[PDB]
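[1] can you look at this? It's an experimental structure, sequence on top.
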Amino acid sequence: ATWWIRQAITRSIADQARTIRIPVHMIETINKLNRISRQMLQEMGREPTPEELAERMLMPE
Amino acid sequence: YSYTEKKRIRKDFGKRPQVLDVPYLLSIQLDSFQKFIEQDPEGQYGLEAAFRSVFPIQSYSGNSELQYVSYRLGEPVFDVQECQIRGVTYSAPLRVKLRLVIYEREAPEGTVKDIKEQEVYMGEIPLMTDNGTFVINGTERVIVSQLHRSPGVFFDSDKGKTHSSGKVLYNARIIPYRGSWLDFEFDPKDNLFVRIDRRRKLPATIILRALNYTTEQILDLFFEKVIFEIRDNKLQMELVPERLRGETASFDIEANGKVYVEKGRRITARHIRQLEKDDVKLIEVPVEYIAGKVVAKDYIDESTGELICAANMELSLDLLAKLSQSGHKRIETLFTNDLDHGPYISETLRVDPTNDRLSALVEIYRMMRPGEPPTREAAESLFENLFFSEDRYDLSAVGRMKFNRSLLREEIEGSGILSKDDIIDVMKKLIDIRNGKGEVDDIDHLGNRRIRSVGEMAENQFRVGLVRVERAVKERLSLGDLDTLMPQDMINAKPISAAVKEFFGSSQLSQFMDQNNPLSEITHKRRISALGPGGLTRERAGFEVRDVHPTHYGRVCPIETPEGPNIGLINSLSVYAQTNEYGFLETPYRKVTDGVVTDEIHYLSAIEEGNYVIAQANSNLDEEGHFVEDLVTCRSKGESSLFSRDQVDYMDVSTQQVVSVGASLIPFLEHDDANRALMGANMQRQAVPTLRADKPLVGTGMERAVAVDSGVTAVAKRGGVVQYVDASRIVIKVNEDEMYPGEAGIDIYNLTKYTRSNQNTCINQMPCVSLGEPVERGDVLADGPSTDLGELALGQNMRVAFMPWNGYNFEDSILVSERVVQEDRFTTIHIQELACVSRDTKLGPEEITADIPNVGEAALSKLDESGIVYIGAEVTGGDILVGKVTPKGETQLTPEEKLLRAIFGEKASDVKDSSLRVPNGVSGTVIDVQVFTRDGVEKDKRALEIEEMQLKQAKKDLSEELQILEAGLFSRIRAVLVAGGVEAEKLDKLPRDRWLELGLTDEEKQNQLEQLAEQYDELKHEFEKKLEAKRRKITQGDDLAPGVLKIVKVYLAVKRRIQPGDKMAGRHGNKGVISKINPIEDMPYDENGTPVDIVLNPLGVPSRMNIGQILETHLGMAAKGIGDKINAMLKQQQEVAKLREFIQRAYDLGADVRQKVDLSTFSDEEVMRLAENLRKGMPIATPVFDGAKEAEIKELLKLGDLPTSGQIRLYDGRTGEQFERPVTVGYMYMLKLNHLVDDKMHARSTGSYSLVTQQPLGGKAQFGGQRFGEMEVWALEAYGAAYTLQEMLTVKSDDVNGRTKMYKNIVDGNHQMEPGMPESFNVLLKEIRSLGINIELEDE
């Protein structure tokens, strides 16, 4: 039940909750950037620049 | 005398000796924020307090907890200046040591299962500049202090709520720093009540029932016991005599066989002393008297074990009989007097439906959380967390202090958690105040109002962020892994940084600095608001808050305050005021001991003030210190009267202690109505800094302080002798003794040339020293925008004559000569910023380039190759500043354009122009261009040129820096070397680097030489390392917004001159809109043909009562008069001895003036320099309430051979015939205000239209149209003008077909209207229809 409920909640929070609908996979990629930005933020002490952020997340600038 | 003061001494007419120098005028901001940062070891303030408040965080289980250790502030990436240019917050990183301890849950406290220490980064905190400001997003902001209701308990009482009753009803309120308010109150039937979180009323005693108090304990707490003994005959009552105040004897009181009180009379105080002397213990009481009394405790049937009478129940004959039957021989009742001990708790207990702790808790739950079915644990947790939790409730140190002050308790400190003792004491004192002993508190008292400065609100916001963090930290510690969790993993800087960055940039109390003047700054930083979080609202503020209060005397200015909707809420700190360790304002006072007025100074708050008796600063004193008059005028308990000389406790410090800094600069303040003094203090801030700064001939001596303490000037850090003065830097070589041993001893000040202020004025600095002249610590080296040799100078003084002129000075209008415009003395420089952003569109990137379609080489003549104006190019409205063109797509044209382009064969380009051009009506001179490019976009040619020039100038500046420092250092080496070995040939011909290893006699010589060899090492390391640092910063990319490729900022510099419409004013609240620039030959002229610069109306003074402007005028004419004497002595080349005689005669003039300047100690050069500086008029100081008197003004006017009446014979300029009766002429100091008609004039025929309503609203260049409000619609309806109205509703505003059709009709030359229906109407129809309501238009 936990597995299915979390699925439904986190998929609806992506289908809705945005005025300009973002597709689900793009939402996941945005959240990847947010997590990686947090960890790089605390590692470096500065918000990472998109060069370093691209290097970490393994996809082009 | 000081060096910057020996060159122009202002003659001082003050008489009272000054005994306390004014404090540093910005100490509130600096001290507050330094508390917010600097590391407190013990007495928690600021960041340490916030951390110790939230940390440690224990997990929900107890298996592990997150622990705090320390914090450290990193160095800011860029300095204040770099942040201004780049447009980025000037902050510093916060780095917190943290510990994660993990315990084992099997072992009891197996602490060492995991220890994990790691420094974590949480948030950046902005730093304060050296002048009390923050550089947030490149703009300089100030956070103003706040005046709020100090935490604690306040007993108030509203009068005539139930106006029919007319009965005052009381209330007590507990206001914690953080947490839930607790409000006790009465109701018209004397019923106590509690209102938790402004919820419904609850019988007050219910709260006691939630605290383990049974009715017996409640009545043991709140009432007083009366003992009844059933002493074998008719209810013998033990009597306490003092309880017998103010009563009527309903039965005859007889003891010891003696009848004391005769029945039917009032018990008198003589009777009470009778009973006390007779030591009466016991009186017989009739059994009918007990039918009203109420039983105290709960009496059971001890014969059998059952209950008889419930507690707090009224005894009767039958109940009394039953109690007597069960062996009960002692009875307790409650003393409920209608006068002194009312039955308040008894009646409330009686109306209380609850009977035990659980039911009271349930009632609390149902009031707080209506609808939710309460439980045991839920109710218990809710009530405990209300006030008895240290996390959801803090009264704070100030709160606990003010609480115990309003509870007469002895200990200042305590705990932030409410106790039972505290609620009991609050209830008891509210009951007292209802009875009559004690009295309410007033909220406006400045001992009940507190100042929360920037450090403290910043601390509060940081703690809120830390709570946001602790939530998720707990969530992660409870559930998540343990051994693979470093502290850095589980913290997020976003929640903390967001909180702090919202306060410093978007708080109501965080606001753009007013930078119109040095005074406007320094009085924005001393502001004290009563708004924002935890303050009031400008529309729900009362009257009692706005009006002055007797405790404002010396703490807050009575005069200075905005006169709009913020009349009393916003107000300015007084001159000498300070803040206690608890945030309460306090003011200095000289102690008085044995009549002698001592020299030692005590700061008294607003409460420890009241009980003393404080003399005034006007009261005369002798050499010893004793008063002269017997009945000194003093004030005590908040009201003033006449007291003896030995009855006096304290004295004021200076006569300027009651005024603020801006009202302390008005001369002759005491001669102006406080309405005009208010207006003058308010306008004196908006004075625009003119082209050349000219001292005020009459000031109040406070100008020097306001100028040096604003940081608008460059004050010397250390003494020394100026080495190199330039228009943009002053290099001063420090004295020998002021020089620290290891460093070169060269101070370099880089004056800030023409730079925009927040208000688009010019912040410019000008050296006021000369090459090779000595300077001491604190000496002004560089004037500011609006200073003059170190003295503030907001405006300029000119010849005013008070007289009407042919209707050109009617109703506050000002007639200004043309010799004032020719001399460019009210000409102000206005720097302006224009920005062009190149953005990525869906049609492609936008390009900044010279080639612009549909524009000839004419406009492009001023753009360079890359499409950006040259520096120095004089542009005018419409000229292109940068050429930006955007990709454009298919433009749907009409068949006729199709034919046109297919006939002349001219298809328009696929690239539209969006070039930045000067806004219309503006001229100017481009003085600076800044180009910002992303990190990853190629730099166009001009960006490279700018980068090269800035890099080269930076390298050369650093080279000159180190060259000068090491030249002074080689001078130091030579100076030490002439001691212990003087070498001529070998020592000089070597390059100065020939001491890196060479040695001489072992003394301090070779010690310093080895020191400077290490300096060679690490200062070469310095030079190249940080020079590469600046090179990197210069060439590094910029964090532009997403979608912005490059930004170009162009900086015009307009030079605005006086014209009809520009508002001018004076220091005495006398505004004026210049009406005519009158030719020089038409001004009224004096008998020596010298005309009059400004002609002001004499009808402005009488009804406004700003008589100061008259006195100032006379005094001005005296001052200038003296200058003319000196002028005629310097132009006739008279000996220094003649000038010294006259100048000395001119200083020692007053009655018994405080100042004495002796020119015998001046060298003849110093006298000649002083005379050179005085030849424009001898400046005069007139302290605020210690001014110069007409006797002295007229002695001065006689010194300069002027009419002692101060009022001369003016001839008319046009007809050449004398004005019939004498006119008053003298030099008044005028200020050009910020209301430049250039910025206020606006017009519109057609332009932008809003999106939804389809009605006029531009603003970028052509602004929105004039609003034609409801009142004007009424006016046109009144006139009967239906057609003007109809066109102002339809075709001028909303009717779309109408507006365009009627533009076409006007162009045709046909003036006619074809009006339809406004857009806003049928927008309304749609909006009403979308509420499911069918509104239509019943057609014909």
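    On my side now, so go ahead. Numbers count the residues shown, from 1 in each chain, chains lettered A, B, ... in the order given.

[2] how about residue B:44: what's its closest non-neighbour residue?
    residue B:52 (5.6 Å; C-beta to C-beta, 6 or more residues apart in numbering or on different chains). Bear in mind the C-beta positions are built from the backbone N, C-alpha and C, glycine included.

[3] correct me if wrong: the one you found contacts residue B:68.
    Yes. Between residue B:52 and residue B:68 there is a contact under C-beta atoms under 8 Å: 6.9 Å.

[4] which residues touch residue B:223?
    B:296, B:334-336, B:341, B:345-346 (C-beta atoms under 8 Å, 6 or more residues apart in numbering or on different chains).

[5] just the ones in strands from those residues, please.
    Under the assignment DSSP state E, these contribute residue B:334 to strands.

[6] can you pick out the most distant pair from the contacts of residue B:223?
    Among the contacts of residue B:223, the pair separated by the greatest distance (C-beta to C-beta) is B:296 and B:341, at 13.4 Å.

[7] pick out whichever of the two has more residues nearby.
    residue B:296 (24 against 16; other C-beta atoms under 10 Å in any protein chain shown).

[8] please report how far the residue nearest to that one when sequence neighbours are not counted lies from residue B:719.
    With sequence-adjacent residues excluded and distances taken as C-beta to C-beta, 6+ apart, residue B:296 is closest to residue B:332, at 3.6 Å. For residue B:332, the distance to residue B:719 equals 83 Å [C-beta to C-beta, to the nearest Å].

[9] what of residue B:1017?
    31 Å.

[10] ok, now residue B:343?
    Computed as C-beta to C-beta, the residue B:343 to residue B:719 distance reads 78 Å.

[11] with residue B:1258 instead?
    In terms of C-beta to C-beta, residue B:1258 sits 58 Å off from residue B:719.

[12] tell me which other helices or strands the helix ranked longest in chain A touches.
    Looking across chain A with DSSP state H, the single longest helix is helix A:24-44. Contacts defined by 3 or more C-beta pairs under 8 Å, 6 or more residues apart in numbering or on different chains; DSSP states H and E place helix A:24-44 against helix A:2-15, helix A:50-57, strand B:114-126, helix B:493-506.

[13] what about the residue nearest to residue B:44, which SS state?
    helix (DSSP: H, G, I helix; E, B strand; the rest coil).

[14] can you count the residues close to it?
    Residues contacting residue B:52 under the criterion other C-beta under 10 Å number 12.

[15] against chain A, how distant is it?
    For residue B:52, the distance to chain A equals 22 Å [C-beta to the nearest C-beta, to the nearest Å].

[16] and residue B:1130, by the same measure?
    63 Å.

[17] in the helix or strand hosting that residue, what counts as buried?
    Assigned by DSSP states H and E, residue B:1130 belongs to helix B:1108-1131. Buried residues in helix B:1108-1131, defined by neighbour count with 16 or more other C-beta atoms under 10 Å in any protein chain shown: B:1108-1127, B:1129.

[18] mind saving the C-alpha coords of that helix as PDB?
    Extracted in PDB, the C-alpha atoms of helix B:1108-1131 (Å, rounded to 0.1, in the frame of the first residue of the first chain):
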ATOM      1  CA  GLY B1108      12.700  82.400  12.800                       C
ATOM      2  CA  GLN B1109      13.100  83.200   9.100                       C
ATOM      3  CA  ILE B1110      13.000  86.800  10.000                       C
ATOM      4  CA  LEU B1111      15.600  86.600  12.700                       C
ATOM      5  CA  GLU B1112      17.800  84.400  10.600                       C
ATOM      6  CA  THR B1113      17.500  86.900   7.800                       C
ATOM      7  CA  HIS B1114      18.700  89.700  10.100                       C
ATOM      8  CA  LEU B1115      21.500  87.600  11.500                       C
ATOM      9  CA  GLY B1116      22.500  86.600   8.000                       C
ATOM     10  CA  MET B1117      22.700  90.200   7.000                       C
ATOM     11  CA  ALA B1118      24.900  90.800  10.000                       C
ATOM     12  CA  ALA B1119      27.200  87.900   9.100                       C
ATOM     13  CA  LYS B1120      27.600  88.800   5.500                       C
ATOM     14  CA  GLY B1121      28.200  92.400   6.600                       C
ATOM     15  CA  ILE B1122      31.200  91.300   8.600                       C
ATOM     16  CA  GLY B1123      32.500  89.500   5.600                       C
ATOM     17  CA  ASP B1124      32.300  92.600   3.600                       C
ATOM     18  CA  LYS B1125      34.400  94.500   6.100                       C
ATOM     19  CA  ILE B1126      37.000  91.700   5.900                       C
ATOM     20  CA  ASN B1127      36.700  91.700   2.100                       C
ATOM     21  CA  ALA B1128      37.500  95.400   2.000                       C
ATOM     22  CA  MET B1129      40.500  94.800   4.300                       C
ATOM     23  CA  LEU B1130      42.000  92.000   2.000                       C
ATOM     24  CA  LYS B1131      41.300  93.900  -1.300                       C
END
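
[19] what element comes up after it heading to the C-terminus?
    Downstream of helix B:1108-1131 (by DSSP H and E), the next one is helix B:1136-1147.

[20] check which helices and strands that next one sits against.
    helix B:1108-1131, helix B:1164-1174.

[21] possible to save those as TSV with distance to residue B:436?
    Compiled in TSV, the helices and strands packed on helix B:1136-1147 are given as follows (distance: least, C-beta to C-beta, whole Å):
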stretch	distance to residue B:436
helix B:1108-1131	50
helix B:1164-1174	69
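
[22] isn't residue B:860 up against residue B:880?
    Yes. If you go by C-beta under 8 Å, residue B:860 and residue B:880 touch, sitting 7.2 Å apart.

[23] contact residues of chain B facing chain A?
    Chain B comes close to chain A at residues B:74, B:77, B:93, B:95, B:120-121, B:488, B:491-494, B:935-936, B:1039, as judged by C-beta under 8 Å from any C-beta of the partner chain.

[24] quick check: angle from the helix holding residue B:1130 to helix B:1164-1174?
    In terms of direction (axes from the mean of the first three to the mean of the last three C-alpha atoms, to 10 degrees), helix B:1108-1131 departs from helix B:1164-1174 by 130 degrees.

[25] contacts only, for residue B:1129.
    B:1138-1139, B:1142, B:1171.

[26] which single one of these is nearest to residue B:913?
    residue B:1171 (62.3 Å).

[27] number of residues surrounding residue B:654?
    24.

[28] er, residue B:822 I mean
    Using other C-beta under 10 Å: residue B:822 sits among 10 other residues.

[29] how far away is it from chain A?
    Using C-beta to the nearest C-beta, residue B:822 is found at 56 Å from chain A.

[30] quick one: buried ones out of the contacts of residue B:223?
    Listed as buried from the contacts of residue B:223 are B:296, B:334, B:336, B:341, B:345-346; burial here means 16+ other C-beta under 10 Å.

[31] quick check, nearest of the residues you listed to residue A:28?
    residue B:345 (64.2 Å).

[32] touching, the closest one and residue B:434? I think so.
    No. The pair residue B:345 / residue B:434 is not scored as a contact, 11.1 Å apart, by C-beta under 8 Å.

[33] where's residue B:453 relative to chain A, distance?
    For residue B:453, the distance to chain A - C-beta to the nearest C-beta - is 29 Å.

[34] what residues are up against that residue?
    Residue B:453 neighbours (C-beta under 8 Å, 6+ apart): B:28-29, B:32-33, B:145-146, B:579, B:583.
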